[PDB]
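Asker: This structure is in structure tokens; I'll ask about it shortly.
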Amino acid sequence: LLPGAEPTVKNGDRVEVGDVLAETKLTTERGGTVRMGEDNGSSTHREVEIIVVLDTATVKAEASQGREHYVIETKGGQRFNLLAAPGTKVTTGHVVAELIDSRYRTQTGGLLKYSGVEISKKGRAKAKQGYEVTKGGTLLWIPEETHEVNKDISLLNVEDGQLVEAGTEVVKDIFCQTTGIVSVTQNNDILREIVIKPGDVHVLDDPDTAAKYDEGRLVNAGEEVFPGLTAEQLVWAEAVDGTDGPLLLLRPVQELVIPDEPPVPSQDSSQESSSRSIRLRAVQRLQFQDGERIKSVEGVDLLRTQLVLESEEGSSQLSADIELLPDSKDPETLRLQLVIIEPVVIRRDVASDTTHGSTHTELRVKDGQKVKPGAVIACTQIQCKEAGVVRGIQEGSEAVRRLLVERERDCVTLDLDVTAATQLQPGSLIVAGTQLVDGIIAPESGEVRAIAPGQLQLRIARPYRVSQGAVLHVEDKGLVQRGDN
Amino acid sequence: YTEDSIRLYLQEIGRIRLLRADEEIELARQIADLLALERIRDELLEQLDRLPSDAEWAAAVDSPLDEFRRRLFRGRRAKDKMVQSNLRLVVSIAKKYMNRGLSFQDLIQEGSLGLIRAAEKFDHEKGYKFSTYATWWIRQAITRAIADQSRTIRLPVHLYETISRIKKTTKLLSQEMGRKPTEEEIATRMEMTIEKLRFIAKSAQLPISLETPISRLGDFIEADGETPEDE
Amino acid sequence: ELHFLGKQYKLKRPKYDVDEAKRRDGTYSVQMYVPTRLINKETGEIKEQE
DNA sequence: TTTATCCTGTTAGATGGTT
DNA sequence: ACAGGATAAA
């Protein structure tokens with residue numbers, strides 16, 4: 001009997017050929033929806049899968065530069081790029097898709113300011129993954145171009161505070177990309193950091209105005225920066241020391257408004273039988289903290305909108321495969337889907353001396369059915385090759401590993417006189433060649449089954465002598481096959 | 001307590017932290033100061049026909065003996081650190097020829113000489129990373145060492161270059177004509193006589209060891225001498 | 001990236017012959033040619049060849 | 001005359017092994 | 001690896 005197999009009969013049950021002796025029951029651990037594998041040349045499904053589903057979008061696989069990238073078009077017209085490939089298993093929290101956005105992509109580096117925008121404060125390690133926004137607001141972006149080098153002084157071409165145009169070789173083999181004022185950092189005759197910041201420059205005549213702008217300040221559109229000078233649009237006004245002394249710089253501040261909740265339509269799970277629902281939550285993450293002074297020659301992405309796998313509490317350890325479902329109404333239109341597939345493996349039927357009986361596995365469910373946890377999925381029944389009597393199955397605390405079937409050809413009948421053979425009892429052990437009655441000698445050894453008038457039933461048996469001190473590999477009333485020690 | 005020697009050298013190397021560019025510039029300035037001081041001393045050696053004493057050398061720089069000696073020390077230590085922290089670069093370059101005639105440890109020690117020369121000729125004013133200039137010298141030292149220490153019957157560098165050009169020409173002709181070129185074709189393309197080509201081919205061979213199984217080769221070679229019969 | 005489409009390796013017919021190789025003291029062999037494709041990860045130019 | 005042999009230098013960046 | 005230059009040995 002296979003591990004976990006449970007006999008269906010008791011000792012002494014007279015069974016026929018093909019009848020069930022033992023069974024193995026496979027049950028679903030957690031329940032869900034049944035998924036039957038297609039008949040790939042087999043009429044017996046060797047595996048059945050356990051499954052929630054989400055569909056209310058559109059997906060198209062487009063090839064760019066030889067790479068197959070999946071574009072998720074929402075019903076609102078928004079577009080997402082699928083960062084996770086088909087066949088990949090991802091746990092809760094992992095990013096699945098990225099919003100295809102360019103509005104929040106800067107041209108160069110700079111400084112970042114928050115206005116009412118709020119973020120979640122959970123975890124520093126997620127800094128590389130950004131900061132989840134808890135409330136929308138306004139991002140103020142102050143442009144600048146920073147060339148970070150560790151080169152010697154005598155390679156410098158431009159003066160500290162020189163007003164330059166883009167393209168000038170500020171440092172040998174280094175070319176500015178922004179038209180602005182150059183501010184130079186050096187340490188012990190070593191060029192360390194060069195800064196080019198756009199914005200209008202103007203003369204600082206009154207020390208009091210400079211003292212107001214000592215730390216730099218924001219100035220709105222139309223508000224007079226200083227008498228005779230009104231900012232046409234929101235600008236950052238700061239006092240800088242150029243070649244001739246004080247100057248006022250009006251760097252153009254950009255404004256990026258972020259809504260409180262990402263207005264990208266979520267797609268809802270459609271199956272209630274899953275007590276642990278799985279969904280895609282859209283989140284907004286800012287990759288830099290408030291006031292984070294960023295130094296980058298090329299543009300950076302500030303805000304990322306990411307689809308994230310979310311599941312109910314207690315299902316955090318579940319990992320979901322990612323699949324494409326062809327729509328029933330339109331097979332061409334595919335829809336992204338996440339499944340927490342649980343496998344159940346069905347062994348092929350073997351009737352050839354493995355269990356020495358035919359093992360036949362029957363499913364207890366149908367494709368697409370809804371099953372509760374613990375429900376029986378498959379029953380494997382072992383069918384006996386030869387009729388007889390079932391014995392050797394002991395009771396209590398131990399798994400039935402082997403059973404015995406005594407058949408019709410394991411019993412022989414002999415013609416012996418009852419009258420004087422009264423010395424024998426049903427179940428006696430008869431050594432062959434022993435004089436059972438006067439003039440009557442045992443032809444074959446065996447166990448005494450029955451004593452009929454003029455007849456005797458012997459179940460075939462054979463002894464083995466064992467002397468004192470031997471080592472016993474077996475137990476009383478055990479079960480042994482051919483060749484066992 | 002490992003028995004491997006290369007692993008021990010790699011451990012000894014890993015006990016040294018890589019330099020930064022500013023550190024490279026500082027060390028390059030101190031190295032240049034040391035080089036100039038050495039040049040001066042060499043001038044004193046030509047004038048004195050003897051090694052100048054530290055007092056005479058300090059006098060040649062109009063420097064107090066203590067200041068001069070400390071400057072000399074700083075320069076020595078600067079060059080030492082510049083070489084020491086780049087030995088990892090030496091190993092990284094030397095690992096790319098570990099099957100050419102020199103053992104890996106020989107490649108490392110020969111590239112160390114190139115690194116020392118590179119650290120002696122690095123110019124901070126050029127405005128380049130030391131890992132770019134040093135690579136040329138390390139590669140040159142290793143290539144020269146292979147050319148001069150890989151064979152028992154050493155061949156000159158021009159012969160290695162000739163063999164390389166012969167291989168390249170042969171491959172080019174095979175690609176152009178779609179077949180293996182003949183000796184005369186190669187000789188004409190190389191503009192050299194066929195006898196010279198055969199001589200190059202014969203001199204390029206590696207010497208076979210006397211203990212090659214045949215039983216060893218050395219037991220099948222007769223000896224030079226006059227046969228007892230011929231005397 | 002170099003891809004070796006090794007399922008399509010063709011074989012060139014043997015030069016000389018079995019008897020010619022035997023009498024010439026040469027080798028009886030063929031030449032193996034596999035199709036390959038060099039793919040540039042960005043430009044995307046693929047120079048297919050054998 | 002004409003090579004055969006030796007010497008010095010090279011500026012993107014690179015920085016601990018295979019069998 | 002490759003280019004330039006100095007020289008002596010064939």
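Ligands are numbered from 1 in the order shown, chains are lettered A, B, ... in the order of the structure tokens, and residues start at 1 in each chain.
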Might you pull out every residue within 10 Å of residue 9 of chain D, with only C-alpha atoms (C1' of nucleotides) counted and same-chain residues fewer than 6 positions away left off, and present them as a PyMOL selection string?

Answerer: (chain B and resi 136-137+140) or (chain E and resi 3-4)

Asker: Next, dump the selected residues to file, keeping only C-alpha atoms (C1' of nucleotides), as an mmCIF file, in the first residue's frame.

Answerer:
```cif
data_model
loop_
_atom_site.group_PDB
_atom_site.id
_atom_site.type_symbol
_atom_site.label_atom_id
_atom_site.label_comp_id
_atom_site.auth_asym_id
_atom_site.auth_seq_id
_atom_site.Cartn_x
_atom_site.Cartn_y
_atom_site.Cartn_z
ATOM 1 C CA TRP B 136 49.211 50.857 -21.080
ATOM 2 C CA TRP B 137 52.371 50.379 -19.020
ATOM 3 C CA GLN B 140 53.442 46.679 -22.220
ATOM 4 C "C1'" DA E 3 55.171 53.176 -33.942
ATOM 5 C "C1'" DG E 4 59.487 55.647 -33.836
#
```

Asker: Please give the complete set of residues from segment 27-269 of chain A that DSSP, run on the backbone, assigns to alpha helix (DSSP H), formatted as a list in words.

Answerer: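 Listing alpha helix (DSSP H) positions across segment 27-269 of chain A yields residues 207, 208, 209, 210, 211 and 212 of chain A.
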
Asker: Contacts of segment 16-18 of chain A at 9 Å or less, counting only C-alpha atoms (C1' of nucleotides), minus same-chain residues fewer than 2 places along, as a VMD selection string?

Answerer: chain A and resid 14 20 to 21 357 to 358 382 to 388

Asker: Export, as a PDB file, in the first residue's frame, the selected residues with N, CA and C atoms.

Answerer:
```
ATOM      1  N   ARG A  14     -14.644 -10.893   2.237  1.00  0.00           N
ATOM      2  CA  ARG A  14     -14.455 -11.629   0.993  1.00  0.00           C
ATOM      3  C   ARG A  14     -14.735 -10.691  -0.172  1.00  0.00           C
ATOM      4  N   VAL A  20     -12.482  -2.403  -4.663  1.00  0.00           N
ATOM      5  CA  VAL A  20     -11.586  -1.453  -4.017  1.00  0.00           C
ATOM      6  C   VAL A  20     -11.103  -2.050  -2.704  1.00  0.00           C
ATOM      7  N   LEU A  21      -9.787  -2.059  -2.507  1.00  0.00           N
ATOM      8  CA  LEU A  21      -9.202  -2.460  -1.234  1.00  0.00           C
ATOM      9  C   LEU A  21      -8.740  -1.270  -0.404  1.00  0.00           C
ATOM     10  N   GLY A 357      -1.846  -4.371  -7.613  1.00  0.00           N
ATOM     11  CA  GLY A 357      -3.238  -4.190  -7.967  1.00  0.00           C
ATOM     12  C   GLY A 357      -3.364  -2.977  -8.864  1.00  0.00           C
ATOM     13  N   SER A 358      -4.518  -2.855  -9.514  1.00  0.00           N
ATOM     14  CA  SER A 358      -4.704  -1.722 -10.416  1.00  0.00           C
ATOM     15  C   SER A 358      -5.089  -0.483  -9.616  1.00  0.00           C
ATOM     16  N   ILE A 382      -7.281   1.180  -5.147  1.00  0.00           N
ATOM     17  CA  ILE A 382      -6.504   0.008  -5.533  1.00  0.00           C
ATOM     18  C   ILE A 382      -7.449  -1.178  -5.669  1.00  0.00           C
ATOM     19  N   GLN A 383      -7.445  -1.795  -6.846  1.00  0.00           N
ATOM     20  CA  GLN A 383      -8.331  -2.898  -7.184  1.00  0.00           C
ATOM     21  C   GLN A 383      -7.552  -4.206  -7.153  1.00  0.00           C
ATOM     22  N   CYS A 384      -8.122  -5.196  -6.468  1.00  0.00           N
ATOM     23  CA  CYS A 384      -7.477  -6.478  -6.223  1.00  0.00           C
ATOM     24  C   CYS A 384      -7.498  -7.348  -7.473  1.00  0.00           C
ATOM     25  N   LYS A 385      -6.369  -8.007  -7.744  1.00  0.00           N
ATOM     26  CA  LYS A 385      -6.262  -8.855  -8.926  1.00  0.00           C
ATOM     27  C   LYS A 385      -6.963 -10.199  -8.761  1.00  0.00           C
ATOM     28  N   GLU A 386      -7.015 -10.747  -7.548  1.00  0.00           N
ATOM     29  CA  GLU A 386      -7.570 -12.080  -7.348  1.00  0.00           C
ATOM     30  C   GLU A 386      -8.468 -12.086  -6.123  1.00  0.00           C
ATOM     31  N   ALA A 387      -9.658 -12.661  -6.270  1.00  0.00           N
ATOM     32  CA  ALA A 387     -10.599 -12.728  -5.165  1.00  0.00           C
ATOM     33  C   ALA A 387     -10.078 -13.641  -4.060  1.00  0.00           C
ATOM     34  N   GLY A 388     -10.611 -13.437  -2.859  1.00  0.00           N
ATOM     35  CA  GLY A 388     -10.244 -14.247  -1.715  1.00  0.00           C
ATOM     36  C   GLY A 388     -10.678 -13.619  -0.408  1.00  0.00           C
TER      37      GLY A 388
END
```

Asker: Go ahead and compute the interatomic distance for atom CA of residue 445 of chain A and atom CA of residue 428 of chain A, in Å to one decimal.

Answerer: 10.5 Å

Asker: Per residue of chain B within 7 Å of chain A, note the shortest atom pair and the distance in Å to one decimal, counting only C-alpha atoms, and order the rows by chain and increasing residue number, as JSON lines.

Answerer:
```
{"residue": "B:21", "atom": "CA", "partner": "A:150", "partner_atom": "CA", "distance": 6.0}
{"residue": "B:22", "atom": "CA", "partner": "A:150", "partner_atom": "CA", "distance": 6.1}
{"residue": "B:125", "atom": "CA", "partner": "A:152", "partner_atom": "CA", "distance": 6.6}
{"residue": "B:127", "atom": "CA", "partner": "A:151", "partner_atom": "CA", "distance": 6.1}
```

Asker: Would you output that residue set with N, CA and C atoms, as a PDB file, in the first residue's frame?

Answerer:
```
ATOM      1  N   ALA B  21      40.433  59.814  -6.721  1.00  0.00           N
ATOM      2  CA  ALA B  21      41.079  60.672  -7.711  1.00  0.00           C
ATOM      3  C   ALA B  21      41.851  61.812  -7.053  1.00  0.00           C
ATOM      4  N   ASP B  22      41.280  62.428  -6.016  1.00  0.00           N
ATOM      5  CA  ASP B  22      41.993  63.475  -5.292  1.00  0.00           C
ATOM      6  C   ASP B  22      43.243  62.913  -4.635  1.00  0.00           C
ATOM      7  N   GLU B 125      48.508  66.952 -14.180  1.00  0.00           N
ATOM      8  CA  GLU B 125      48.094  68.097 -14.982  1.00  0.00           C
ATOM      9  C   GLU B 125      47.422  67.678 -16.280  1.00  0.00           C
ATOM     10  N   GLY B 127      45.038  65.692 -16.509  1.00  0.00           N
ATOM     11  CA  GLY B 127      43.627  65.609 -16.208  1.00  0.00           C
ATOM     12  C   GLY B 127      43.020  64.295 -16.638  1.00  0.00           C
TER      13      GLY B 127
END
```

Asker: Here is a test: counting only C-alpha atoms, which residue of A:460, A:260, A:341, A:381 is nearest to residue 359 of chain A?

Answerer: A:381

Asker: Please report as a VMD selection string which residues of chain D come no farther than 7 Å from chain B, using only C-alpha atoms (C1' of nucleotides).

Answerer: chain D and resid 10 to 11 13 to 16

Asker: Suppose you want the space between atom CA of residue 298 of chain A and atom CA of residue 108 of chain A; what is it in Å?

Answerer: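 Between atom CA of residue 298 of chain A and atom CA of residue 108 of chain A the gap works out to 4.8 Å.
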
Asker: Determine, counting only C-alpha atoms (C1' of nucleotides), which protein, DNA and RNA residues have an atom within 10 Å of an atom of residue 41 of chain C; residues of the same chain fewer than 4 positions away are not included. Present the result as a list in words.

Answerer: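 My list of contacting residues is residues 65, 66 and 67 of chain A; 1, 45 and 46 of chain C.
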
Asker: Atoms to include: N, CA, C and O atoms. Write the selected residues as a CSV table (one decimal), in the first residue's frame.

Answerer:
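File result.csv, as written:
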```
chain,number,residue,atom,x,y,z
A,65,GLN,N,12.6,47.2,-30.5
A,65,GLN,CA,14.0,46.9,-30.5
A,65,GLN,C,14.2,45.4,-30.2
A,65,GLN,O,15.1,45.0,-29.4
A,66,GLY,N,13.3,44.5,-30.7
A,66,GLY,CA,13.4,43.1,-30.5
A,66,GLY,C,12.9,42.7,-29.1
A,66,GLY,O,13.0,41.5,-28.8
A,67,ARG,N,12.4,43.6,-28.3
A,67,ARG,CA,11.9,43.3,-27.0
A,67,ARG,C,10.4,43.3,-27.0
A,67,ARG,O,9.8,44.3,-27.4
C,1,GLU,N,25.5,40.4,-28.4
C,1,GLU,CA,25.2,39.1,-28.1
C,1,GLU,C,25.3,38.2,-29.4
C,1,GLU,O,24.8,38.5,-30.4
C,45,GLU,N,21.1,46.1,-35.1
C,45,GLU,CA,21.6,45.6,-36.3
C,45,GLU,C,22.0,44.1,-36.1
C,45,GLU,O,22.8,43.8,-35.2
C,46,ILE,N,21.5,43.2,-36.9
C,46,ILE,CA,21.8,41.8,-36.8
C,46,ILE,C,22.5,41.3,-38.1
C,46,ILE,O,21.9,41.4,-39.1
```

Asker: Do me a favour and pick out the residues of chain C within 8 Å of chain A, using only C-alpha atoms, as a PyMOL selection string.

Answerer: chain C and resi 42-44

Asker: Got time to write the residues from that selection, N, CA, C and O atoms, as a PDB file, in the first residue's frame?

Answerer:
```pdb
ATOM      1  N   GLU C  42      21.248  47.475 -28.601  1.00  0.00           N
ATOM      2  CA  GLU C  42      20.583  48.765 -28.770  1.00  0.00           C
ATOM      3  C   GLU C  42      20.288  49.037 -30.239  1.00  0.00           C
ATOM      4  O   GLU C  42      19.122  49.001 -30.637  1.00  0.00           O
ATOM      5  N   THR C  43      21.308  49.345 -31.048  1.00  0.00           N
ATOM      6  CA  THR C  43      21.111  49.632 -32.467  1.00  0.00           C
ATOM      7  C   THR C  43      20.223  48.589 -33.136  1.00  0.00           C
ATOM      8  O   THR C  43      19.413  48.916 -34.011  1.00  0.00           O
ATOM      9  N   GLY C  44      20.365  47.330 -32.734  1.00  0.00           N
ATOM     10  CA  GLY C  44      19.538  46.255 -33.236  1.00  0.00           C
ATOM     11  C   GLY C  44      19.962  45.703 -34.576  1.00  0.00           C
ATOM     12  O   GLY C  44      19.233  44.887 -35.150  1.00  0.00           O
TER      13      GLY C  44
END
```

Asker: So which residues touch segment 207-221 of chain B within 12 Å, counting only C-alpha atoms (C1' of nucleotides), skipping near sequence neighbours fewer than 2 positions away, as a PyMOL selection string?

Answerer: chain B and resi 150-154+202-205+223-224

Asker: Keeping only N, CA, C and O atoms, write the selected residues to a file as a compact mmCIF listing (two decimals), in the first residue's frame.

Answerer:
```txt
# COMPACT_ATOMS: atom_id res chain seq x y z
N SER B 150 59.20 33.55 -22.20
CA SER B 150 58.25 32.46 -22.34
C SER B 150 58.85 31.20 -22.95
O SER B 150 58.35 30.10 -22.69
N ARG B 151 59.90 31.34 -23.75
CA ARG B 151 60.48 30.21 -24.45
C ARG B 151 61.88 29.90 -23.94
O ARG B 151 62.59 30.78 -23.45
N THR B 152 62.26 28.63 -24.04
CA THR B 152 63.62 28.23 -23.70
C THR B 152 64.60 28.80 -24.71
O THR B 152 65.65 29.35 -24.34
N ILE B 153 64.29 28.69 -26.00
CA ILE B 153 65.06 29.32 -27.07
C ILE B 153 64.36 30.64 -27.34
O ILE B 153 63.42 30.71 -28.14
N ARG B 154 64.79 31.69 -26.66
CA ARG B 154 64.08 32.96 -26.74
C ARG B 154 64.17 33.54 -28.15
O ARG B 154 65.23 33.52 -28.78
N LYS B 202 60.00 27.39 -38.92
CA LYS B 202 60.85 26.47 -38.18
C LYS B 202 61.27 27.05 -36.83
O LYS B 202 61.36 26.32 -35.84
N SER B 203 61.52 28.36 -36.77
CA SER B 203 61.96 28.97 -35.52
C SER B 203 60.81 29.20 -34.55
O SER B 203 61.07 29.42 -33.36
N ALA B 204 59.57 29.15 -35.01
CA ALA B 204 58.42 29.37 -34.15
C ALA B 204 58.06 28.16 -33.31
O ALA B 204 57.22 28.27 -32.41
N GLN B 205 58.69 27.01 -33.57
CA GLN B 205 58.30 25.77 -32.93
C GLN B 205 58.66 25.78 -31.45
O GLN B 205 59.63 26.41 -31.03
N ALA B 223 74.07 9.59 -28.82
CA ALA B 223 74.97 10.58 -28.25
C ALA B 223 76.01 11.01 -29.28
O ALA B 223 76.43 10.22 -30.13
N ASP B 224 76.42 12.27 -29.18
CA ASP B 224 77.48 12.78 -30.03
C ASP B 224 78.83 12.27 -29.54
O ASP B 224 79.13 12.34 -28.34
```
